[PDB]
Structure formats: structure tokens, C-alpha cells
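Before any questions on how it binds or moves, here is one chain, the form deposited in one PDB entry, in C-alpha cells.
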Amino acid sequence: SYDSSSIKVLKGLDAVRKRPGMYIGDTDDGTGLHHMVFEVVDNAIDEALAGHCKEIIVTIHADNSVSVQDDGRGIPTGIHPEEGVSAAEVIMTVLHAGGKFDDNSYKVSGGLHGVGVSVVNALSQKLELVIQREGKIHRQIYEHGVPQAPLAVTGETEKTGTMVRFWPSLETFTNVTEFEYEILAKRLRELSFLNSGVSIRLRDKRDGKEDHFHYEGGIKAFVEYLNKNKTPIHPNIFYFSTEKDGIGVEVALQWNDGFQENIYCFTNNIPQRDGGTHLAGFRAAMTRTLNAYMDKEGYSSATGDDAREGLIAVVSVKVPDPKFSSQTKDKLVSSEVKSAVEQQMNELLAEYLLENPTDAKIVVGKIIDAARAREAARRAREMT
């Protein structure tokens, strides 16, 4: 019988547990599990982007929980007038609730959906929240998203910040259920490059391992680190940072003598594994600008792929209201960011090539050599 009683409305966080795929991704291969940490980290990084957080401490506890402490402003603790409970509880228990739906609290933020930490809460057998703010320490415990008591003052403090510790639910997560130090370290190291001046610590209470990430030199240094084990073919890393028409575009890149292409794209410090409009705009501008240079200099045929070979690049955009295809933010689907990246790249890359002739001639040589190798491969295939 298919009728009005067949229609069910999922309330609170029930939808997250029912359909975890669309909120956290793969609950079996470990990617979703670690994404739980990243949602919490991203919220602390947003306090850092806002200029309020200078230290983030991530700890893997010996009981397989993870905590993230920041020294930001603290999650608001006061009673939310409409909802009638602490704003912190609203944040933790309500989907599409948060402080990033305008630019008053965070001018630019990786967070935008009002979903992330409420997902972590929904999918955690236990979550502990400690907030330092307005001279007071506040604490609350959740179990499978359900607050055990209202947020309560437990003492006094001169400090501000938020600590979230969570124990993932094994009713949701399967197979890969332990946290992997290196997965967290990779992301935190990257975040240090992306946030100069923010101390990021990782501590593993299981074996005593720890790291302190506080790189200077930003995404240019990130490119150096990424080319460390490789062989850069020219010495001057191309770098710029601009802010035009509301959009920040920061790019660093350098070619090596290998044959892989590694372009790391970020939007408000969140990586897009699956690329997007920023990547599209980067590729379009590289192809145009190199072709223009080779034409002008009489080095001209090479395609976009030949320029890709041996390339390491970091593309980091800052966008007031970006659009991602999912909660996990693997792909940027904002057409105006393609235009911004493409335009800034076309201008500044052309200038780089004019200002650094030694590097330009090396890169042209590399593109030519890639095109020659591609044609030889093609001819060899045809002939078998």
C-alpha cells in the first residue's frame, strides 16, 4: 500500500546516519573516517582565515578518538533565541545551521554549508565539546548526536578557543576504523603552507609521534617541498598573489624533469581532489600564454598536455561564496572562478616569461621535448 503513511520525514541528524555517503563519503575505505577530522580542522582553519586563530592542535588519542583544539574565538555559547538552546548545540545538532551564510563572522571560509561538524557529531558514538569564551569554560557531551545535557559552564579562563573530541561510530564506519597518522599529517602540512603564521601540531598518543608544522614562504615554499624529491629544470618558481573583483588568486608553479603533472587546487584552503573551474581556468591560461610566447618568440604543434608534463603547481583561490558539488568539496563548480584564475594567470604568467628569459627558454624546450615524445609514441603505436 503506497500512501501518505509511506512518506517519512527524517528529523534532526537521522538523515546523516541513514545516508552517510552524501555527507561523509566512503564509510569503508577510511576516506570518510579521516574526513571527520578534516571537517573539524576546517572549522579551526576558518578561525585562522578570519585572523583569530594562531594555533591548532590535532591529537590522535590512544582510544581511537581525535581531538582538535584551536585558539580561535570559540563557538558561540549563548542561547539562540529562535531555537531556544545554546548556539553551540544548534551548530552540533542542526543541518544547514552556522555562521558562514554571510560574510560578517568569516569574510572567507572553507565552510559554507552549515553541515560539517553536525555530520561529525551525527556519526560519532561520542563527541566532547569544550569552548573557552567570555571568560568561561563550557562543556557538553553528545552520544550519537544526542546532547546528554545542555551546554554548561565548568569554570573560568583567560583564553578563547574550541576543542572538539570525537569517537567515530562503528555502526557507520567499517573496515578502516583506525586513524592513520600520515593521512592527517599530509593535510596538516599542506594547511601550514597555506596558512603562514598558524602553528599546527599533530600528536599521536598511541606511539608518542608528533609534528609541528609552521612553514614560512607559503605556496612558493609548498612548490619547493613538492619538487624536493624531484629535479626542477629551472630555478625561478613562478608565483603571484592577487585579489581582484572580489576573488583572491594565488599561484605557484615550477617544472621538473619528470613526466607527471601535479596541480594542487584549493578553494578557501580546502583541496579539490577532482579539480573544477579553478583548474579549468589555470589550464586554459597556461595553454594560451605559453602558445602566445612561443608564437611571438618564433618557437612555434604543442597542446595543453605537453605543457602539463613535469609541472608542479599550486592554485589557491579565495572566494566569498564558492560552489562545490558535494559536502566533501572535491570539485569546485563556480564558473566565475574559472574567469578570475584564467585572467590573472594570463597577465602574470606572460610577465614572468618576459622577466625570466632563462627560465622561459628552458620551459619552451621542455614543451617541445614533450611534444616530440608524444608524437614518437603515437607513431610507434600506429606501427605495431
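From 1 onward, residues are counted along the sequence shown. Rigid core (definition): largest C-alpha set, two forms, superposition within 1.5 Å.
Below, we turn to the form deposited in another entry, even though it does not appear here.
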key: Only residue that shifts (Cα, 2 Å or more, rigid core superposed) between this form and the one not shown, among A88, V119, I219, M286   = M286
request  = Spell out whether the Cα of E342 moves at least 2 Å between this form and the one not shown when the two forms are superposed on their rigid core.
outcome  = yes
ask   = After superposition on the rigid core, does the Cα atom of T328 shift by at least 2 Å between this form and the one not shown?
value = yes
ask   = If you line up the core, does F38 shift 2 angstroms or more at its C-alpha between this form and the one not shown?
value = no
